[PDB]
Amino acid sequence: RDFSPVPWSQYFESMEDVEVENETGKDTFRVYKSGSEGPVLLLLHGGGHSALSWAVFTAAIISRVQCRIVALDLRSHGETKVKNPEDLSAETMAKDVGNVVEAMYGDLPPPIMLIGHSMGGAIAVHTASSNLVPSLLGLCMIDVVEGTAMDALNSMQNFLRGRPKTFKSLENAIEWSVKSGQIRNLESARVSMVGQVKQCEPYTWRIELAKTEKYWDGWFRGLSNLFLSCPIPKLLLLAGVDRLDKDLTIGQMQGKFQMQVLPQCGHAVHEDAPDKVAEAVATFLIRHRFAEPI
């Protein structure tokens, strides 16, 4: 099989480094974009990943509904450069998302649907909840359930600590990511892995997720009810997570959010089964008349 790196340009129409001047100075956030019409799907990746994890999903969703895509490298991930990379509190990260949207569109933002996986799902909710994105019309969390969130992350640490510490080349990192079982979908791995690593000082991991543990409580505490309280249509996609917690079960009985079950994936279902995620998102968008089918 071919494990050579595939660039972002095979999936996104453009990319930009968005400048943001915040309390700690002047930061730059990397975004990969696509499309010209329809709602902007603002995609937030999970811990240790990057916006490139949404590459294959982007091609899949664009072929189903008329929409735009803005995949964001969160603080300390991918190619984003902040002055205080240690601060991964929910508060700061949500603020970043709002600041990025503000810088990208100013006073005339397009309709936006937040979509986040794991850590990104929590950040998506904190952002929507704090009303940091004025034009928000919908919210989606992928495999994020407060009740078991901490346990999901802890089960991962064992794997994370055992991974190779460096790779001779980007191609070897990609080959390892597939053969290790981390990324089942070869297509996604060839493009997304470049976002998970960086050149040493050979490649090494962009971030040691274990160092962010002090912020996990802030990411998930009260997240389920926080999600339910957001005054916009909502979507919960389950893949690796097999159950709702008590809060969401109650919310579901109250009809507060749409829910869909996708094929199991211990990692990122948006990388492993891009079109299944796109199909679910497209259905939701069409259901609420947020976008037109292609």
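Sequential numbering from 1, following the sequence displayed.
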{"item": "Chain break class at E201/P202 - deposited residues not modelled", "value": "10 or more"}
{"item": "Given 27-35 and 261-269, the range whose Cα B-factors average higher in the PDB entry", "value": "261-269"}
{"item": "Which of 209-217 and 142-150 has higher mean CA B factor, as the PDB entry lists it", "value": "209-217"}
{"item": "Residue selected from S135, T127, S224, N158 by maximal Cα B factor", "value": "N158"}
{"item": "Residue with highest C-alpha B-factor in the PDB entry, from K179, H117, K165, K95", "value": "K165"}
{"item": "Record-listed C-alpha B factor of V70: chain third", "value": "lowest"}
{"item": "Where the record places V82 (Cα B-factor, split into thirds across the chain)", "value": "highest"}
{"item": "Chain third (lowest, middle, highest) by recorded CA B-factor, residue given as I286", "value": "middle"}
{"item": "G46 - which third its CA temperature factor falls in, relative to the rest of the chain", "value": "lowest"}
{"item": "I61, C-alpha B-factor rank within chain (lowest, middle or highest third)", "value": "lowest"}
